[PDB]
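Everything below concerns the one structure shown next.
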Amino acid sequence: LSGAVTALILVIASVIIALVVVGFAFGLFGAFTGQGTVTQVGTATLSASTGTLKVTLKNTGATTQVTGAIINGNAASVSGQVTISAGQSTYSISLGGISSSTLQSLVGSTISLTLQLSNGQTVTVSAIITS
Amino acid sequence: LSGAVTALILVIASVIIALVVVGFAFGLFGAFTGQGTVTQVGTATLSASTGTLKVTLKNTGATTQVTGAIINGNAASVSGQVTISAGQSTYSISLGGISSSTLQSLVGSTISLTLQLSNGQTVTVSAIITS
Amino acid sequence: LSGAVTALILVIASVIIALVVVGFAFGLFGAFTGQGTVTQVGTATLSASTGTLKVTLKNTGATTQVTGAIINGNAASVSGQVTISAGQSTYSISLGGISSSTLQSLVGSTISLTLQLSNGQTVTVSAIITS
Amino acid sequence: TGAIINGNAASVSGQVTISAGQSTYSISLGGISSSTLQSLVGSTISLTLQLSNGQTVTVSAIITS
Amino acid sequence: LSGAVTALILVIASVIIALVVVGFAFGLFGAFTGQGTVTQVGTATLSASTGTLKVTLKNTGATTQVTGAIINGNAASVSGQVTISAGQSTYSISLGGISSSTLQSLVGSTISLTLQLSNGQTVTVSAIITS
Amino acid sequence: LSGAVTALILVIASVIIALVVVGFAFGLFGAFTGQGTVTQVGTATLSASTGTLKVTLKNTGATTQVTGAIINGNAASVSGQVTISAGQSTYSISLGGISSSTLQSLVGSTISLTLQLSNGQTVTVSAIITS
């Protein structure tokens, strides 16, 4: 009775394995939709005095973190106001790692930043270098 | 009978997954068309007394909100008359956040505003600075 | 003689199960091809008097039904002339659920509709709002 | 045996014995007229042939005149 | 011997299914290339007497049909000389559905037509309204 | 014990097959990235005396070969200086297959060449026909 029981135990266990696969696939399909996306809607300004960036970020997803920023081909780190909530509202980043040595010559012009979020997404920002 | 049942349960579940993907794609294709677009048709005037902007905005989409306005390299917030209905009709924005200190010297000239809507779209407005 | 008969009955029944799976897969492959697709070829016009839409829809598939329409961020239902036959010919939808309150201001402009068919497919239509 | 076209089943009469090899086949597909295919000249349709051995084959066809 | 035969019958049938998919994909790739494209090369003239349009249409594809024409925001049907062969040669459309009521005032000016072909493609024509 | 051993040997062999597929996919993903791309940065000049082309080609990939060139609707072959190394540096192609019969009338004007590399990529070059 090896064939009477063994193929039976395989066909019982295979239902368990298939349901685990389908449940994991539906959980992953639920996960990557609401994982969190962030874009810019607000045409940020980059003050040349302290590097304070007044950005507006739309977030129709989960809570993310801001890790670093690419500016002028240089990486830079941030310290505070990096916890992005859901919603657009308005964000104010104290972008350290750069001084007014190179931004004094570009007052009034336009620069392109690249924020690096915590969830793998990067967001490019078109900034007006104001004073 | 592991291969007799398991590939069968996969090919039954894959129809469900594919139909969910196709239905989500068609729902998204329906969503981003009628999501709401707003443009200017009316050649707005900016009164220098109180900052009252008499704008005309065409809207062939859904109901949106006006969040802020970029003027002279400065961001400014708004308070009332921001619920854009469908249709052109005529809109009257009490644009706060600026005084007649800088607009008194430009009476009769032309300025360029940038309204920031709630749905990510921004609209630039060519305004006549009247008194 | 448990192993002499049992594995034999499994290998006889497994042919039946495998042929049922292959026949179902080929039937599904036949079904989703000729299930019915509908697109627009004809550059429809939306009359603002009664909402009568003169659309042209190409259908290289089966007979479908028109259920509803998305217009200006609003859902709307339909009543008559919704049985789409095969072929392009020409279709005339009495689109109820909207009046000339909002379409009187947009005479001559262009709007984007979203028809929702019965077979899950949605079709966006670029319409000229004529009078 | 048959062909699925526009959500309709249709039967065939002649030139249905498929030999081995690619060569070329010419099916007199009856069961439909030029009532509905006159409006789709030059476009693309999708047929579904149903063979005798259970296999079905979908064909991407150019509706020429 | 359920696993000795069943996975074998699946791996034999899967070759058939994969080859049918690849053959259908290559047939579709062959079909949509030579399906038929039509453009204008010839700067058509629209006679205001009878509406006779002397157009020149380049066709590097298959034989198509002309179904209707959009003129002045109005749809119109055609009757004869609609079978477009391959090649540029020259075409003469008896465009019915309009009279010299509105085209008498525009003699010598330029209008823009929109022909609607049978294969989904539409072609806009820049026409000189001659007499 | 046919089901006790056979599904076991399938589930052992399937790990081998899946790892071979994943390793081949990652090897292909490694291969097509660094396969070799070549573009123009240098605004080449085409001397009309001997057909000597002084081109500058940027190559962030592997070593490629120059096979032929399309000029004036004519194919032409090359003989020497076709081994493109990595880097921009500067390249000098003795483009045979054409004389100064047709290029004498176009001294000072601009022509468009199409080099055909060995790795399937083609590169169009905007050349100044100098003397």
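In the structure tokens, chains take the letters A, B, ... in the order shown, each chain's residues start at 1, and ligands count up from 1 in the order shown.
In the backbone-derived DSSP annotation, strand (DSSP E) within region 39-87 of chain F comprises residues 39, 40, 45, 46, 47, 52, 53, 54, 55, 57, 58, 59, 64, 65, 66, 67, 68, 69, 70, 71, 74, 75, 76, 77, 83 and 84 of chain F.
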Expected file contents, prior selection, C-alpha atoms, as a PDB file, in the first residue's frame:
```pdb
ATOM      1  CA  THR F  39      28.467  57.299 -29.539  1.00  0.00           C
ATOM      2  CA  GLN F  40      29.867  60.455 -31.132  1.00  0.00           C
ATOM      3  CA  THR F  45      35.175  66.328 -40.461  1.00  0.00           C
ATOM      4  CA  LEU F  46      35.088  64.569 -43.831  1.00  0.00           C
ATOM      5  CA  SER F  47      38.010  65.544 -46.042  1.00  0.00           C
ATOM      6  CA  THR F  52      39.715  60.507 -44.540  1.00  0.00           C
ATOM      7  CA  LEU F  53      37.264  60.864 -41.649  1.00  0.00           C
ATOM      8  CA  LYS F  54      38.603  62.327 -38.393  1.00  0.00           C
ATOM      9  CA  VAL F  55      35.960  61.132 -35.940  1.00  0.00           C
ATOM     10  CA  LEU F  57      33.899  58.165 -30.609  1.00  0.00           C
ATOM     11  CA  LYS F  58      33.101  57.686 -26.933  1.00  0.00           C
ATOM     12  CA  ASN F  59      33.124  54.037 -25.846  1.00  0.00           C
ATOM     13  CA  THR F  64      34.244  46.722 -31.084  1.00  0.00           C
ATOM     14  CA  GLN F  65      34.906  46.770 -34.827  1.00  0.00           C
ATOM     15  CA  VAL F  66      33.780  49.108 -37.607  1.00  0.00           C
ATOM     16  CA  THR F  67      32.358  47.164 -40.545  1.00  0.00           C
ATOM     17  CA  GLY F  68      30.814  49.562 -43.055  1.00  0.00           C
ATOM     18  CA  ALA F  69      29.434  53.026 -43.642  1.00  0.00           C
ATOM     19  CA  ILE F  70      26.270  54.328 -45.282  1.00  0.00           C
ATOM     20  CA  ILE F  71      26.855  57.519 -47.275  1.00  0.00           C
ATOM     21  CA  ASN F  74      25.264  53.888 -50.756  1.00  0.00           C
ATOM     22  CA  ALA F  75      26.946  51.204 -48.696  1.00  0.00           C
ATOM     23  CA  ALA F  76      30.725  51.290 -48.453  1.00  0.00           C
ATOM     24  CA  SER F  77      33.367  49.104 -46.836  1.00  0.00           C
ATOM     25  CA  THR F  83      39.547  48.540 -33.751  1.00  0.00           C
ATOM     26  CA  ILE F  84      37.708  50.791 -31.303  1.00  0.00           C
TER      27      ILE F  84
END
```
Checklist entry - Using only C-alpha atoms, which chain B residues lie at most 7 Å away from chain E, written as a PyMOL selection string? => result chain B and resi 1-4
Selection near region 123-130 of chain B, 8 Å with only C-alpha atoms, sequence-local residues under 5 positions removed, as a PDB file with N, CA and C atoms, in the first residue's frame:
```pdb
ATOM      1  N   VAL B  38      -6.504  71.427 -15.528  1.00  0.00           N
ATOM      2  CA  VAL B  38      -6.907  72.821 -15.381  1.00  0.00           C
ATOM      3  C   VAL B  38      -5.912  73.680 -16.143  1.00  0.00           C
ATOM      4  N   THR B  39      -6.417  74.573 -16.992  1.00  0.00           N
ATOM      5  CA  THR B  39      -5.569  75.525 -17.696  1.00  0.00           C
ATOM      6  C   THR B  39      -6.205  76.906 -17.630  1.00  0.00           C
ATOM      7  N   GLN B  40      -5.487  77.909 -18.126  1.00  0.00           N
ATOM      8  CA  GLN B  40      -5.991  79.276 -18.159  1.00  0.00           C
ATOM      9  C   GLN B  40      -6.454  79.636 -19.562  1.00  0.00           C
ATOM     10  N   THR B  43      -6.851  85.419 -19.285  1.00  0.00           N
ATOM     11  CA  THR B  43      -5.954  86.580 -19.192  1.00  0.00           C
ATOM     12  C   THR B  43      -6.254  87.405 -17.932  1.00  0.00           C
ATOM     13  N   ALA B  44      -5.883  86.808 -16.800  1.00  0.00           N
ATOM     14  CA  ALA B  44      -6.220  87.326 -15.481  1.00  0.00           C
ATOM     15  C   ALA B  44      -5.600  88.696 -15.221  1.00  0.00           C
ATOM     16  N   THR B  45      -6.220  89.424 -14.296  1.00  0.00           N
ATOM     17  CA  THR B  45      -5.747  90.721 -13.842  1.00  0.00           C
ATOM     18  C   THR B  45      -5.431  90.646 -12.358  1.00  0.00           C
ATOM     19  N   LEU B  46      -4.309  91.232 -11.966  1.00  0.00           N
ATOM     20  CA  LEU B  46      -3.875  91.253 -10.575  1.00  0.00           C
ATOM     21  C   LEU B  46      -4.024  92.671 -10.043  1.00  0.00           C
ATOM     22  N   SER B  47      -5.038  92.888  -9.213  1.00  0.00           N
ATOM     23  CA  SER B  47      -5.226  94.196  -8.602  1.00  0.00           C
ATOM     24  C   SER B  47      -4.161  94.430  -7.542  1.00  0.00           C
ATOM     25  N   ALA B  48      -3.545  95.609  -7.574  1.00  0.00           N
ATOM     26  CA  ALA B  48      -2.474  95.923  -6.641  1.00  0.00           C
ATOM     27  C   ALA B  48      -2.980  96.439  -5.303  1.00  0.00           C
ATOM     28  N   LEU B 103       4.248  95.949  -5.591  1.00  0.00           N
ATOM     29  CA  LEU B 103       3.384  96.013  -6.759  1.00  0.00           C
ATOM     30  C   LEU B 103       2.929  97.426  -7.086  1.00  0.00           C
ATOM     31  N   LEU B 106       4.824  98.680 -10.271  1.00  0.00           N
ATOM     32  CA  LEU B 106       4.601  97.944 -11.508  1.00  0.00           C
ATOM     33  C   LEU B 106       3.154  98.027 -11.961  1.00  0.00           C
ATOM     34  N   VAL B 107       2.516  99.181 -11.777  1.00  0.00           N
ATOM     35  CA  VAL B 107       1.126  99.318 -12.184  1.00  0.00           C
ATOM     36  C   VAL B 107       1.055  99.442 -13.698  1.00  0.00           C
ATOM     37  N   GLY B 108       0.284  98.560 -14.325  1.00  0.00           N
ATOM     38  CA  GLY B 108       0.132  98.545 -15.761  1.00  0.00           C
ATOM     39  C   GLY B 108       1.011  97.550 -16.486  1.00  0.00           C
ATOM     40  N   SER B 109       2.006  96.980 -15.817  1.00  0.00           N
ATOM     41  CA  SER B 109       2.924  96.049 -16.453  1.00  0.00           C
ATOM     42  C   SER B 109       2.374  94.628 -16.357  1.00  0.00           C
ATOM     43  N   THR B 110       3.216  93.640 -16.651  1.00  0.00           N
ATOM     44  CA  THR B 110       2.797  92.247 -16.743  1.00  0.00           C
ATOM     45  C   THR B 110       3.677  91.383 -15.853  1.00  0.00           C
ATOM     46  N   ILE B 111       3.049  90.514 -15.065  1.00  0.00           N
ATOM     47  CA  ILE B 111       3.757  89.621 -14.164  1.00  0.00           C
ATOM     48  C   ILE B 111       3.343  88.193 -14.513  1.00  0.00           C
ATOM     49  N   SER B 112       4.119  87.224 -14.027  1.00  0.00           N
ATOM     50  CA  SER B 112       3.866  85.813 -14.279  1.00  0.00           C
ATOM     51  C   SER B 112       3.757  85.079 -12.950  1.00  0.00           C
ATOM     52  N   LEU B 113       2.574  84.551 -12.668  1.00  0.00           N
ATOM     53  CA  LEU B 113       2.275  83.804 -11.459  1.00  0.00           C
ATOM     54  C   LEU B 113       2.395  82.317 -11.730  1.00  0.00           C
ATOM     55  N   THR B 114       2.530  81.539 -10.658  1.00  0.00           N
ATOM     56  CA  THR B 114       2.503  80.081 -10.777  1.00  0.00           C
ATOM     57  C   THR B 114       1.613  79.504  -9.681  1.00  0.00           C
ATOM     58  N   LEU B 115       0.376  79.175 -10.029  1.00  0.00           N
ATOM     59  CA  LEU B 115      -0.514  78.505  -9.100  1.00  0.00           C
ATOM     60  C   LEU B 115      -0.122  77.042  -8.975  1.00  0.00           C
ATOM     61  N   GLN B 116      -0.208  76.513  -7.756  1.00  0.00           N
ATOM     62  CA  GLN B 116       0.088  75.115  -7.474  1.00  0.00           C
ATOM     63  C   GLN B 116      -1.206  74.444  -7.042  1.00  0.00           C
ATOM     64  N   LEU B 117      -1.755  73.603  -7.908  1.00  0.00           N
ATOM     65  CA  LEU B 117      -3.007  72.936  -7.601  1.00  0.00           C
ATOM     66  C   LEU B 117      -2.769  71.777  -6.639  1.00  0.00           C
TER      67      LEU B 117
END
```
Next on the checklist: When you look at residue 32 (chain D) with a cut-off of 9 Å (counting only C-alpha atoms), what residues show up, excluding the ones that are within fewer than 3 positions of it in the same chain? I need them as a ChimeraX atom specification.
Outcome noted: /D:5,10,29,35-37
Checklist entry - What are the DSSP helix (DSSP H, G or I) residues of chain A, as a ChimeraX atom specification? => result /A:2-33
Next on the checklist: I need the chain E residues near chain D as a ChimeraX atom specification; criterion: at most 12 Å, counting only C-alpha atoms.
Outcome noted: /E:13-14,16-38,59,61-68,82-86,116-121
Checklist entry - In Å to one decimal, how far is CA of residue 79 (chain B) from CA of residue 98 (chain B)? => result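 Calculated distance between CA of residue 98 (chain B) and CA of residue 79 (chain B) is 13.0 Å.
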Checklist entry - In Å, how far is it from CA of residue 11 (chain C) to CA of residue 12 (chain B)? => result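 Pair CA of residue 11 (chain C) / CA of residue 12 (chain B) returns 22.8 Å.
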